[PDB]
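S.K.: Before I ask anything, let me first share the structure, which is written out below as structure tokens.
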Amino acid sequence: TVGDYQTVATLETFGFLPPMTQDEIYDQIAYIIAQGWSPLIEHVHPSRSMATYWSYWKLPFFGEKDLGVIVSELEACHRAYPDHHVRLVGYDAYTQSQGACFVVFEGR
Amino acid sequence: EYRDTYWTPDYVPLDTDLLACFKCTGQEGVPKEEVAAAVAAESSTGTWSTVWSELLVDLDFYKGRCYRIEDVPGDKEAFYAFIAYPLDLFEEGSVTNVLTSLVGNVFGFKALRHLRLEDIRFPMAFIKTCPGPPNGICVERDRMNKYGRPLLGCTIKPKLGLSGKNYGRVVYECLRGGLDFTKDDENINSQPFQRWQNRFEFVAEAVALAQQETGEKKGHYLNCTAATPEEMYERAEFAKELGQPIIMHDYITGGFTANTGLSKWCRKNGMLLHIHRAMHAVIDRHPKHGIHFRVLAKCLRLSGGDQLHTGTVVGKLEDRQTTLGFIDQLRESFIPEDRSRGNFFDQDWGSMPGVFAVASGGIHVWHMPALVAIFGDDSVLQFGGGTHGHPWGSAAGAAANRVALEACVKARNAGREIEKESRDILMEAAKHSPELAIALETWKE
Amino acid sequence: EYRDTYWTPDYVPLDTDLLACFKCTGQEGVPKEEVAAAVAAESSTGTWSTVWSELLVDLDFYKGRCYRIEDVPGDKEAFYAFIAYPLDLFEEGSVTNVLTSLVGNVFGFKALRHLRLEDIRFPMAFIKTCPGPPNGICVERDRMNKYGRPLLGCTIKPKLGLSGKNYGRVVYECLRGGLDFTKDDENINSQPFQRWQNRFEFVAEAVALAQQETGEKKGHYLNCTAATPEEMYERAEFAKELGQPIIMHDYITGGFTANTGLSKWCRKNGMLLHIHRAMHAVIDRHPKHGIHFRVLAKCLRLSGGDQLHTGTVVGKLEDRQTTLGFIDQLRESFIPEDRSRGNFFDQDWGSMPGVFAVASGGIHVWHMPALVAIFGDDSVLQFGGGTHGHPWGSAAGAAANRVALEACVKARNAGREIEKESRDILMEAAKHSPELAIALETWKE
Amino acid sequence: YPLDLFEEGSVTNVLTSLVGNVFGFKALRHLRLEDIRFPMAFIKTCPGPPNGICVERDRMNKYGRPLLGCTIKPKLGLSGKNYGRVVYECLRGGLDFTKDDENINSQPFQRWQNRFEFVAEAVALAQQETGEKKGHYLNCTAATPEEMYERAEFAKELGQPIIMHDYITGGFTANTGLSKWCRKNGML
Amino acid sequence: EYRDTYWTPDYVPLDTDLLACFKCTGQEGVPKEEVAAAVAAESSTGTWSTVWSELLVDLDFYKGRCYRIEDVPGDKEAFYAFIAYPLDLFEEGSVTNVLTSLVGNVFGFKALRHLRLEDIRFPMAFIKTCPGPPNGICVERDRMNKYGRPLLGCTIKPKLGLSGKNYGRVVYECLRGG
Amino acid sequence: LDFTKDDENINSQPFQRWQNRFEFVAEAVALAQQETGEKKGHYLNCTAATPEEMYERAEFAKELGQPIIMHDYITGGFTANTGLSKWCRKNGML
Ligand SMILES: O=C(O)[C@@](O)(COP(=O)(O)O)[C@H](O)[C@H](O)COP(=O)(O)O
Ligand SMILES: [Mg+2]
Ligand SMILES: [Mg+2]
């Protein structure tokens with residue numbers, strides 16, 4: 001109905017948009033690698049979404065220049081944990097920050 | 001006493017010196033060298049008189065001298081004055097003393113018509129004594145767990161009139177729509193219709209009640225400015241007992257002494273501090289009188305505060321070259337010299353953390369494509385009526401802003417021109433958002 | 001959003017409302033009614049925008065309305081904007097809140113090219129909630145046993161370089177020479193070459209020793225300005241345990257919050273406060289931009305302090321009519337409305353004691369007879385190089401000024417005209433003192 | 001030596017009394033202090049270990065096996081969140097102790113108020129996952145005894161079980177002051 | 001893990017770097033820069049091992065580098081290893097931290113046989129954060145009103161044995177005598 | 001049983017400190033209270049050589065939440081007994 005807005009739970013970022021297409025992931029990771037950051041993968045059950053530290057899968061891909069490898073390890077964590085989020089994080093080594101933090105898969 | 005000992009064309013400033021730039025306009029016909037020396041004398045020592053006591057001290061070491069003379073480009077009667085000062089003149093870790101020493105008296109001297117301080121070269125020896133930001137940008141993001149996007153903010157309207165319950169009712173609706181900050185206005189310190197002890201406790205329930213329903217960490221600036229530091233620290237402690245994450249303070253109207261007092265209190269207590277630049281247009285607005293806001297930006301970053309207003313974005317303060325001139329000084333660790341952006345000195349901060357650049361002043365939905373292309377992701381956007389001005393209420397409007405910015409950034413990382421394809425990124429996002437579909441229709445275009 | 005709702009010519013200002021007077025010049029062509037209403041709006045509410053939350057509040061109670069429009073005499077584009085603000089938008093007993101509500105936002109407004117605040121009518125209800133001066137004029141006179149003559153003072157020179165012992169030695173010379181006050185420079189807070197704990201204890205020895213030798217009570221304004229409010233109180237108590245009677249504090253750069261915090265500290269501890277107005281020329285010097293110093297004088301008399309810099313007497317600030325305007329607000333109990341002296345509103349202070357009007361800026365012996373007639377007896381004179389410029393040292397200079405002052409005063413009560421008969425009053429006092437004879441010769445004429 | 005030449009419970013006194021001056025004497029070329037027989041009457045006045053081996057084992061519920069520990073690496077560079085990220089992974093793998101390097105007391109790149117806070121969850125999150133109590137020594141070495149007490153108390157309010165201190169360079173006086181503080185607050 | 005990354009014969013000292021002087025000799029046969037790099041590595045980072053956690057940090061900024069090698073006069077195996085430290089590695093206003101970071105670990109190494117710390121160059125930024133002397137020579141003389149001559153002191157004897165009042169009796173005689 | 005007693009000989013021994021006994025006894029009192037379903041307590045001996053050390057043990061006992069304490073009055077002095085007696089009324093112990 002209009003106009004009544006129901007409170008919606010999004011995780012941190014990119015939540016308000018529908019799930020990203022395969023090509024959206026492609027240019028997003030292209031940007032994150034073009035910035036010189038370090039791709040990093042996380043995953044948790046939806047119950048422990050608020051927890052400060054998630055679970056690595058497997059290690060931060062330091063010094064990776066090929067785009068055909070990370071797009072293959074994003075689905076391995078999903079198939080291994082079909083009830084878990086798949087968060088993709090960018091590690092900023094110089095300033096010890098994180099310039100990109102968006103969840104790829106919401107979790108079946 | 002005819003000076004020219006304050007005008008030394010051969011001196012090379014030491015790396016521990018504190019340099020300054022005065023855009024000075026002198027009297028008619030006087031030599032340009034004399035007025036710079038007079039400016040140096042009245043801002044450092046104000047001497048020589050005819051006094052016996054003025055020989056007890058070798059004044060050649062303490063006197064601040066002008067070492068370089070330049071003219072402002074495009075104008076004749078004015079000029080640029082560069083002066084060197086020893087580090088011994090200022091108290092360590094004190095910002096109140098340096099302002100009193102530099103601009104405290106030289107303005108009142110009658111031989112100047114228009115004077116303006118532009119930039120300062122802070123030496124590392126003085127920087128390392130100042131407290132600096134309590135948290136910084138990266139630590140703020142790590143503590144609040146928000147990465148890769150500019151934050152959101154809103155200003156509660158109406159400012160005056162809402163009691164404790166209605167204020168909490170209003171802030172609760174804005175928080176549950178996608179926003180993560182709400183700003184207690186500068187007008188609200190303690191009013192007869194709404195005391196702080198009632199506003200503090202009821203905004204605590206609204207923040208915590210909507211926090212769990214959204215799954216994100218939210219905050220609300222509480223105005224803790226007071227007429228006395230004893231009362232102000234009481235509000236700070238009451239905010240701590242409620243567990244709020246971030247507080248607010250007015251530094252120009254509260255004094256650098258109180259601003260530093262709050263800055264050293266938050267670090268020992270682990271809170272984030274917000275700063276409002278009230279009364280700033282009195283000193284900064286005119287181009288030949290007062291002090292540039294860049295000087296105040298450097299002094300604020302040294303004094304403390306994790307978030308400072310930049311403004312005013314209607315449609316922008318302008319010029320963009322000038323705003324980015326002191327925005328880099330608020331975020332970077334080393335800012336090179338540039339006359340186009342007005343960086344007169346090679347400013348190095350070493351390992352001092354930066355401060356967020358806050359943009360506010362009535363942003364509406366079509367300003368997002370241009371707002372992010374200049375401020376970047378290390379910024380906070382604070383609307384006046386952008387959230388509340390939605391016909392469906394103040395809760396649905398927040399989703400209209402959150403959806404608009406997320407499409408904006410997601411278009412920025414994709415290599416698109418956000419500032420150029422504004423309509424193509426705003427309309428296609430409205431296809432998956434009915435609230436944005438009407439929000440884009442309201443504040444057209 | 002078309003305004004003209006705030007411009008109500010039929011409203012009658014209440015005896016409890018806060019009034020104001022603005023000198024404005026709007027954009028080319030706009031009516032005076034619209035721009036004055038906009039000025040009132042941006043200083044009170046900044047409304048009505050399109051907000052759904054703005055109907056929960058009875059807005060007509062908290063709105064600031066303009067009830068009178070006057071035209072500036074001698075100008076065509078300018079006019080006076082008289083506005084009345086309700087008493088319920090200000091916290092009781094805070095000076096930092098009223099100025100924040102006033103100049104916090106309206107100065108950044110774009111539709112105004114020139115803006116100046118001139119007069120405010122503080123109602124007695126808000127005056128009664130303010131702390132006010134700690135002792136005042138009469139209490140200081142009773143405590144220090146000085147009646148019937150203006151007090152004297154001196155600024156210690158050189159500003160930079162004196163150690164702990166030499167500072168006291170210079171202080172001891174002037175105090176024993178005839179003066180009864182010495183002023184710490186605004187640069188001195190705590191220098192690397194002179195720590196404040198050494199200056200406090202050494203100047204405590206010079207004051208006490210010269211106190212008994214002459215037989216008078218002497219004071220020395222110690223600069224208690226600090227980077228943090230905690231350090232300010234520590235210095236205040238350390239000065240208290242040393243037995244010093246009076247302290248010095250800088251209000252503009254120390255902030256109204258800290259100044260009021262120290263102001264309420266002095267009344268319980270029996271300390272007198274001296275106020276220095278640093279960098280003030282940024283705001284009050286230009287007649288088209290900024291705030292009149294009268295507003296600051298009223299805010300200080302409301303906040304605290306017993307003595308205040310007025311300056312600048314080189315040879316005078318000029319014109320004398322305006323200076324006598326706010327001086328009447330600094331000392332008197334009732335002030336009528338006078339446009340010639342700029343007394344735009346009938347201001348009543350009730351029963352709050354006044355504040356001494358302190359002149360400064362290099363007064364010498366020949367300026368003294370003309371400084372007595374205009375300022376009266378509730379005034380203090382400070383010389384920086386005038387006292388120390390005497391060829392016979394630093395104690396002989398004070399004797400020359402003290403002899404000249406008393407002759408001028410005694411000639412005033414005799415019905416003579418001191419300002420017109422400066423010569424016949426001054427050379428006749430030189431026959432009874434050789435120090436005054438050389439002081440008159442060295443500074444001619 | 002007679003017992004009257006030494007102060008009760010003051011280990012610093014015996015040092016300056018015994019080794020303070022003898023080495024500077026000219027008639028000696030090579031000297032080396034090997035052993036000292038401490039009498040029981042002097043032993044009894046000293047505070048001794050705040051917990052000791054038996055109390056530490058009783059409180060930590062770890063018996064029959066030497067305990068394990070790890071030192072966080074790299075020594076320099078890790079931010080507040082990275083320190084907690086690298087502490088959590090080592091604890092969740094089986095170890096029961098993680099060490100703060102002596103270089104980390106309070107660095108500009110990683111403040112101690114953030115190191116203490118971000119370690120507080122890594123220990124608390126890996127403890128519930130394995131079911132074993134885990135600890136992390138927080139370095140409380142400070143330039144002034146007022147700061148070291150502040151860090152120790154802040155560690156106590158976080159519920160951390162154990163702290164770390166450098167006694168050789170930090171001073172026997174400071175170590176003894178902290179040693180008595182640990183006993184009254186139940187700290188290791 | 002073979003060093004010479006800490007051996008920077010081209011580095012230029014900054015105005016914030018804290019320099020140090022070491023007189024050292026190592027195991028026989030090692031090249032002179034190798035042992036200097038070894039001394040440099042441990043007192044700063046003691047790295048690189050094979051760790052995934054050692055890539056999370058831009059570790060090329062925090063590294064302490066030895067920039068100058070000079071020969072000790074009169075000895076062949078001895079040398080001067082001048083090493084630079086970025087100011088970021090030490091806490092501001094702390095004298096314990098610099099000693100713990102400097103010699104708290106380097107002296108325990110095996111490849112160094114004789115190591116001697118000779119001098120330290122304190123940068124002004126670190127100097128301004130330290131408390132320093134409370135009064136100083138000038139303030140002490142001003143408070144004690146003793147000008148132009150060295151001060152005279154004595155040690156009370158016997159050191160051990162004197163009672164409460166006999167101590168004051170002995171002290172009074174020395175003070176009243178000059 | 002509903003109460004267990006600390007005998008008078010136990011104040012503070014080298015083999016058992018007063019801080020260690022208080023904390024481990026506190027776990028047993030609470031762990032047995034939930035199993036039995038009845039309120040149970042254990043007297044803690046707060047006898048010391050100095051009156052302030054009595055108060056420190058008493059406040060440490062309160063922080064652990066034990067309801068009842070013990071004191072030896074003949075060998076502890078009526079002065080100390082009255083000092084603890086009025087302390088209990090404002091803290092509401094037995
Ligand atoms: O310019 C002058 O005339 C003086 O230096 C005195 O000169 P003499 O020493 O020759 O008399 C004035 O005292 C200062 O300018 C201001 O005074 P103060 O600093 O005391 O406010
Ligand atoms: Mg506002
Ligand atoms: Mg002056």
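By convention in this document, the chains of the structure tokens carry letters A, B, ... by their order, each chain's residues are numbered from 1, and ligands are numbered from 1 in the order they are shown.
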Residues of chain C that have any atom at most 9 Å from an atom of ligand 2: could you tabulate them with the shortest-distance atom pair and the distance in Å to one decimal, using only C-alpha atoms and all ligand atoms, ordered by chain and increasing number, as JSON lines?
M.R.:
```
{"residue": "C:46", "atom": "CA", "partner": "ligand 2", "partner_atom_place_in_ligand_line": "1 (Mg)", "distance": 8.8}
{"residue": "C:104", "atom": "CA", "partner": "ligand 2", "partner_atom_place_in_ligand_line": "1 (Mg)", "distance": 8.2}
{"residue": "C:105", "atom": "CA", "partner": "ligand 2", "partner_atom_place_in_ligand_line": "1 (Mg)", "distance": 6.8}
```
S.K.: I'd like the contact shell of residue 321 (chain B) - 12 Å cut-off, only C-alpha atoms, skipping same-chain residues fewer than 5 positions apart - returned as a list in words.
M.R.: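 Counting only the stated atoms, we get residues 316, 326, 327, 328, 338, 339, 340, 341, 342, 343 and 374 of chain B.
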S.K.: Take the selection from the previous step and output its residues with C-alpha atoms, as a compact mmCIF listing (two decimals), in the first residue's frame.
M.R.:
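Contents of part_5.txt, freshly written:
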```txt
# COMPACT_ATOMS: atom_id res chain seq x y z
CA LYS B 316 27.64 24.64 -3.61
CA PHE B 326 41.16 22.70 2.54
CA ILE B 327 39.32 19.38 2.17
CA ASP B 328 42.64 17.68 1.41
CA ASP B 338 49.21 24.50 -5.05
CA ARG B 339 48.19 28.08 -5.81
CA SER B 340 45.12 27.03 -7.82
CA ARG B 341 43.71 25.34 -4.71
CA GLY B 342 45.45 27.89 -2.48
CA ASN B 343 47.94 25.55 -0.79
CA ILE B 374 33.67 15.76 -5.42
```
S.K.: At a cut-off of 12 Å, using only C-alpha atoms, what residues contact residue 7 (chain E)? Leave out same-chain residues fewer than 4 positions from it and give the result as a CSV table (one decimal) with N, CA and C atoms, in the first residue's frame.
M.R.:
```csv
chain,number,residue,atom,x,y,z
E,2,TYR,N,66.9,-13.0,3.7
E,2,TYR,CA,68.4,-12.9,3.6
E,2,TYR,C,68.8,-11.5,3.8
E,3,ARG,N,67.9,-10.6,4.1
E,3,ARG,CA,68.2,-9.2,4.5
E,3,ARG,C,68.8,-8.4,3.3
E,11,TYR,N,69.6,5.9,1.6
E,11,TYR,CA,68.5,6.6,2.3
E,11,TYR,C,69.1,7.9,2.9
E,32,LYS,N,80.3,-7.2,5.7
E,32,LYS,CA,80.0,-6.1,6.7
E,32,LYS,C,78.6,-5.6,6.6
E,33,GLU,N,78.0,-5.5,5.4
E,33,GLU,CA,76.7,-5.0,5.3
E,33,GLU,C,75.7,-6.1,5.7
E,34,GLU,N,76.0,-7.3,5.6
E,34,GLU,CA,75.1,-8.4,6.1
E,34,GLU,C,74.9,-8.3,7.6
E,35,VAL,N,75.9,-8.2,8.4
E,35,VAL,CA,75.7,-8.1,9.8
E,35,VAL,C,75.0,-6.8,10.2
E,36,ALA,N,75.3,-5.7,9.4
E,36,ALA,CA,74.6,-4.4,9.7
E,36,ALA,C,73.1,-4.6,9.4
E,37,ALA,N,72.8,-5.3,8.3
E,37,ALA,CA,71.4,-5.5,8.0
E,37,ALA,C,70.7,-6.4,9.1
E,38,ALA,N,71.5,-7.4,9.6
E,38,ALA,CA,71.0,-8.2,10.7
E,38,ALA,C,70.7,-7.4,11.9
E,39,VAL,N,71.6,-6.5,12.3
E,39,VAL,CA,71.3,-5.6,13.4
E,39,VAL,C,70.1,-4.8,13.2
E,40,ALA,N,70.0,-4.3,11.9
E,40,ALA,CA,68.9,-3.4,11.6
E,40,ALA,C,67.5,-4.1,11.7
E,41,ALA,N,67.5,-5.4,11.2
E,41,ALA,CA,66.2,-6.0,11.1
E,41,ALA,C,65.5,-6.3,12.4
E,63,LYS,N,59.9,0.0,8.3
E,63,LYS,CA,61.2,-0.7,8.4
E,63,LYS,C,62.3,0.3,8.9
E,64,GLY,N,63.1,-0.1,9.8
E,64,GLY,CA,64.2,0.6,10.2
E,64,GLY,C,65.5,0.2,9.4
E,65,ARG,N,66.1,1.2,8.8
E,65,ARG,CA,67.1,1.0,7.8
E,65,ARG,C,68.5,1.6,8.3
E,66,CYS,N,69.5,0.8,8.0
E,66,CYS,CA,70.9,1.2,8.3
E,66,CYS,C,71.5,1.9,7.1
E,67,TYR,N,71.8,3.2,7.1
E,67,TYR,CA,72.2,3.9,6.0
E,67,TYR,C,73.7,4.2,5.8
E,68,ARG,N,74.4,4.2,6.9
E,68,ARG,CA,75.8,4.5,6.9
E,68,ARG,C,76.7,3.5,7.6
E,69,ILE,N,77.7,3.0,6.9
E,69,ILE,CA,78.7,2.1,7.5
E,69,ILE,C,80.1,2.8,7.6
E,81,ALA,N,77.7,1.1,12.6
E,81,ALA,CA,76.4,0.9,11.8
E,81,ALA,C,75.4,1.9,12.2
E,82,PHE,N,75.3,3.0,11.4
E,82,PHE,CA,74.3,4.0,11.7
E,82,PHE,C,73.0,3.6,11.1
E,83,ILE,N,71.9,3.6,11.9
E,83,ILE,CA,70.6,3.1,11.6
E,83,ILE,C,69.6,4.1,11.9
E,84,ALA,N,68.6,4.2,10.9
E,84,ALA,CA,67.5,5.2,11.0
E,84,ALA,C,66.2,4.5,11.4
```
S.K.: Using only C-alpha atoms and all ligand atoms, which residues of the polymer chains come no farther than 9 Å from ligand 3? I'd like the answer as number ranges by chain.
M.R.: B: 42, 45-46, 104-105; C: 155, 159, 185-187, 361, 384
S.K.: Take the residues just selected and output them with N, CA, C and O atoms as a CSV table (one decimal), in the first residue's frame.
M.R.:
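The resulting file, result13.csv, is reproduced below:
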```csv
chain,number,residue,atom,x,y,z
B,42,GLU,N,54.0,43.6,14.9
B,42,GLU,CA,52.8,43.7,15.8
B,42,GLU,C,52.2,42.3,16.1
B,42,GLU,O,51.4,42.2,17.1
B,45,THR,N,56.0,40.6,18.6
B,45,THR,CA,56.7,41.2,19.7
B,45,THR,C,56.2,42.6,20.0
B,45,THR,O,56.1,43.0,21.2
B,46,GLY,N,56.0,43.4,19.0
B,46,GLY,CA,55.5,44.8,19.2
B,46,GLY,C,56.6,45.6,19.9
B,46,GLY,O,56.5,46.1,21.1
B,104,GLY,N,45.9,38.0,17.2
B,104,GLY,CA,45.3,38.6,18.4
B,104,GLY,C,45.4,40.1,18.4
B,104,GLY,O,44.4,40.8,18.8
B,105,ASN,N,46.5,40.7,17.9
B,105,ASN,CA,46.7,42.1,17.9
B,105,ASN,C,46.9,42.8,16.6
B,105,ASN,O,46.6,43.9,16.4
C,155,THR,N,51.9,47.4,31.2
C,155,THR,CA,52.2,46.2,30.5
C,155,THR,C,53.6,45.9,30.5
C,155,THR,O,54.5,46.7,30.2
C,159,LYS,N,57.8,41.7,25.7
C,159,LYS,CA,56.8,40.6,25.8
C,159,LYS,C,57.4,39.3,25.9
C,159,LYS,O,57.0,38.4,26.7
C,185,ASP,N,51.2,40.0,29.5
C,185,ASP,CA,50.9,40.0,28.1
C,185,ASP,C,50.0,38.8,27.7
C,185,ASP,O,50.1,37.8,28.3
C,186,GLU,N,49.3,39.1,26.6
C,186,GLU,CA,48.4,38.0,26.1
C,186,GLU,C,49.1,36.9,25.5
C,186,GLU,O,48.6,35.8,25.3
C,187,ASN,N,50.4,37.1,25.1
C,187,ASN,CA,51.2,36.0,24.6
C,187,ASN,C,51.7,35.0,25.7
C,187,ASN,O,51.9,33.9,25.4
C,361,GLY,N,46.6,51.3,25.1
C,361,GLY,CA,47.2,51.8,23.9
C,361,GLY,C,48.1,53.0,24.1
C,361,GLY,O,47.8,54.1,23.5
C,384,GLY,N,52.1,50.5,28.1
C,384,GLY,CA,53.0,49.5,27.8
C,384,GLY,C,54.5,50.0,27.8
C,384,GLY,O,55.3,49.4,28.4
```
S.K.: Around ligand 1, which protein and nucleic acid residues have at least one atom no more than 9 Å from it, if we count only C-alpha atoms and all ligand atoms? List them as a list in words.
M.R.: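 I would give the residues around ligand 1 as residues 1, 46, 47, 48, 49, 50 and 51 of chain B; 154, 155, 156, 157, 312, 314, 360, 361, 362, 363, 364, 382, 383, 384, 385, 386, 387, 388, 389, 390, 442 and 443 of chain C.
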S.K.: How close does each residue of chain B get to chain A, giving the shortest atom pair and distance in Å to one decimal for every residue with an atom at most 7 Å away, counting only C-alpha atoms, sorted by chain and residue number, as a tab-separated table?
M.R.:
```
residue	atom	partner	partner_atom	distance
B:138	CA	A:97	CA	5.9
B:146	CA	A:12	CA	6.7
B:147	CA	A:101	CA	5.5
B:148	CA	A:100	CA	4.4
B:176	CA	A:7	CA	6.0
B:177	CA	A:7	CA	6.6
B:213	CA	A:9	CA	6.5
B:214	CA	A:9	CA	4.2
B:215	CA	A:9	CA	5.7
B:216	CA	A:12	CA	6.3
B:392	CA	A:3	CA	5.0
B:395	CA	A:5	CA	6.7
B:396	CA	A:5	CA	5.4
B:403	CA	A:16	CA	6.0
B:406	CA	A:14	CA	6.2
B:413	CA	A:31	CA	5.9
B:414	CA	A:27	CA	5.6
```
S.K.: Give me, as a PyMOL selection string, all polymer residues having an atom no more than 7 Å from residue 75 (chain D), counting only C-alpha atoms and skipping those fewer than 4 positions away in the same chain.
M.R.: (chain D and resi 101+103) or (chain E and resi 45)
S.K.: Go ahead and save the residues from that selection, with C-alpha atoms, as a PDB file, in the first residue's frame.
M.R.:
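The resulting file, result18.pdb, is reproduced below:
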```
ATOM      1  CA  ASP D 101      54.904  -7.898  21.416  1.00  0.00           C
ATOM      2  CA  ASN D 103      57.082  -3.002  20.870  1.00  0.00           C
TER       3      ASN D 103
ATOM      4  CA  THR E  45      60.666  -5.731  12.681  1.00  0.00           C
TER       5      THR E  45
END
```
